[PDB]
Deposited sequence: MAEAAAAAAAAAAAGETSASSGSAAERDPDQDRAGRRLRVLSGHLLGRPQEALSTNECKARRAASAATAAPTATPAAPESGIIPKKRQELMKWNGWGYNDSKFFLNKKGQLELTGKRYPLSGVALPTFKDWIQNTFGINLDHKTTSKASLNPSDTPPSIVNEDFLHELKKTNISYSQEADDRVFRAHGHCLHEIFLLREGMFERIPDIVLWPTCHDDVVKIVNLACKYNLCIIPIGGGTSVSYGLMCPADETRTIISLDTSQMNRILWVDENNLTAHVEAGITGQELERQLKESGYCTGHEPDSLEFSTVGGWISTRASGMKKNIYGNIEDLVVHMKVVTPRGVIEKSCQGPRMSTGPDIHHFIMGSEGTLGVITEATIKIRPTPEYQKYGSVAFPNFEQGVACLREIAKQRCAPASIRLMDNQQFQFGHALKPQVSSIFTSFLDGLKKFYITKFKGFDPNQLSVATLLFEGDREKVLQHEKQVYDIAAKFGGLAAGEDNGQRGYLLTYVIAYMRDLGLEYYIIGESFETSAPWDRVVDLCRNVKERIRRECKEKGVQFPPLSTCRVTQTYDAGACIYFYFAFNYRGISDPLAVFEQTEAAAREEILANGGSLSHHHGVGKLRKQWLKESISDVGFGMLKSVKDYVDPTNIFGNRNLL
């Protein structure tokens, strides 16, 4: 999983993922994913077309402005660079819906002027120094998977914009098997990181759904959350050490002690900084011996409410498996539709992934079914759970499909206290229906949720919103506005601005209310100290 410099060689220039992976109608008229990459690749999905048709009512470049002394100086460094249109455009965006439109059927207002590929910490230092000398703006990019407009170049940035691409700074530097830590360069992808560690019998277990492309550096910048955080932690639990290149100089602690009291933890000044302060060049991450065994599972509940109560109880007992997700009825129908009692309009389903030693797994599993049983939960099968999880890496490919048929969609997320979850889900799902009907959407949108992570004090709730934009004169406007209304509803119902996606430029307008005016001023004060001239000018957060 090493991303080539010319990403378009391997990855779609106008959508998610690998060129060799796209949904298509096979020779029996059923949807199937092309290629051989995924466990679902080449697997007929006989009832998927039907689900779609039912749900959605369908039938189925600016020049590079660059100082020449800067270019001359960059040449002496031997850092690879490009002023080519296709390289700059590829890095002008992440994976928000509006972005994917300007990429497809249009053009962006502002794209990087020059792409650089540092291969190490010292190259990054050179680049930041050049940027100070020539007054250049740096927007770091790893995987390019931001869903927060975090990579968008500000339209009125008139400095030369360097896309500082970390994909070629991608080595494991050392694996410390005495301490179970691995020190890595921050451009390594999740997939490559896990592939290499596995060969030595280790894993990080950090598995965001973006792992094929998202990077260590990206995870730390956005406070990324992984599917197995219950065992391995989120990124703030995984990172033991980091090295950061700012215009002021290099941030690094002098020791690898597991926990300190040496004033406010400066690691948390950089985590969540969203490329506004400097470049995370290296990090030390906790590793674990690869689990012996993995088992999937599922549980049906009479309704969503009972499911929530069961996840809560599971959280209260602190016996969550590696992953536990609760799907509302719509997502359950969706899952059922991708295969190769109770009131059925409200029936909910949890999917389970257990991992560890086989005997402890088996024992754990029994415990979880016994708890579920007390909330009306019924074992619903391993193959079901397993399919739910094997879907994880393909959903991203479904947009491109949808777009071909005038279906537009996006997911969004929040975290909320346990006592707000049920109301928040209902109220947000209802708000989306209402806004859509009021803006002229002809068919009630898909408006669905799942509880995706559990904590002592609450849960991450993950929503999908999508609609057939038939007979709508401004579909992107309608979409933007409804998604902003959804957000408003989430905040009204006690939900957070973001669980894991981050703020970028998409949720900027709510940050000050979320963290307080003095909080905002604290973030500003660090920004102005570390980067007084705003070299790191993506304008995320603040």
(request) Return the ranges of the deposited sequence not covered by C-alpha coordinates, sorted by sequence position. (result) 1-80, 141-154, 435-456
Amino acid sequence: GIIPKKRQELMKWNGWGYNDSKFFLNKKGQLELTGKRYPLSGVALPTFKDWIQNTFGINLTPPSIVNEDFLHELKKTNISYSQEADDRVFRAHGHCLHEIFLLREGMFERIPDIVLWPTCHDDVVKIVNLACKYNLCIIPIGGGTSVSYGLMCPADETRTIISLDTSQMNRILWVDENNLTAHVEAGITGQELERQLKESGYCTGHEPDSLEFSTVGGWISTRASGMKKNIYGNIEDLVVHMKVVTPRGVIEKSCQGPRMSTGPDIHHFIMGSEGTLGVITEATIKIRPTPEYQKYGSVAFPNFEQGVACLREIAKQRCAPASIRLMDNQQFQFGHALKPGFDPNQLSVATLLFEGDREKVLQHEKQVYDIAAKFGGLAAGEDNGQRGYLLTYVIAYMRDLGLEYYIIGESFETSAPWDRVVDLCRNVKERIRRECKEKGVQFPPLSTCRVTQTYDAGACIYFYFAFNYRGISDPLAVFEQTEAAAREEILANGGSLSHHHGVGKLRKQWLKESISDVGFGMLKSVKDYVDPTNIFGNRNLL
From here on, numbers count along this sequence of modelled residues.
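Basically, rigid core = biggest C-alpha set you can superpose within 1.5 Å across the two forms.
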(message) Root mean square C-alpha distance from this form after a core fit in 6 other deposited structures of this protein: higher for 21-29 or for 514-522?
(response) 21-29
(message) Stretch 44-52 versus stretch 498-506: after rigid core alignment, which one is farther off in C-alpha RMS in 6 other deposited structures of this protein?
(response) 44-52
(request) Would you please confirm whether residue 343 lacks atomic coordinates in a third or more of the other entries that were compared? (result) yes
(message) Does at least a third of the other compared PDB entries (those resolving both flanking residues) leave residue 61 without coordinates?
(response) yes
(request) Taking the mean of the C-alpha B-factors per stretch from the entry, tell me the winner out of 29-37 and 503-511. (result) 29-37
(request) On mean C-alpha B-factor from the PDB entry, just flag whether 277-285 or 321-329 is the higher one. (result) 321-329
(request) Name the one of 113, 313, 207, 400 with the greatest CA B-factor according to the PDB entry. (result) 400
(request) Pick out which of 252, 359, 185, 176 has the highest C-alpha B-factor in the PDB entry. (result) 359
(message) By the recorded C-alpha temperature factor, relative to the other modelled residues in its chain, which third is residue 420 in?
(response) middle
(request) Determine, from the deposited record, the chain-internal third of the Cα B-factor for residue 517: lowest, middle or highest. (result) lowest
(request) Please place residue 498 in the lowest, middle or highest third of its chain by C-alpha B factor as given in the entry. (result) lowest
(request) State the tercile, meaning the lowest, middle or highest third, of residue 528 with respect to the CA B-factors recorded for its chain. (result) middle
(message) Test of reading the entry: by CA B factor among the chain's modelled residues, which third contains residue 247?
(response) lowest
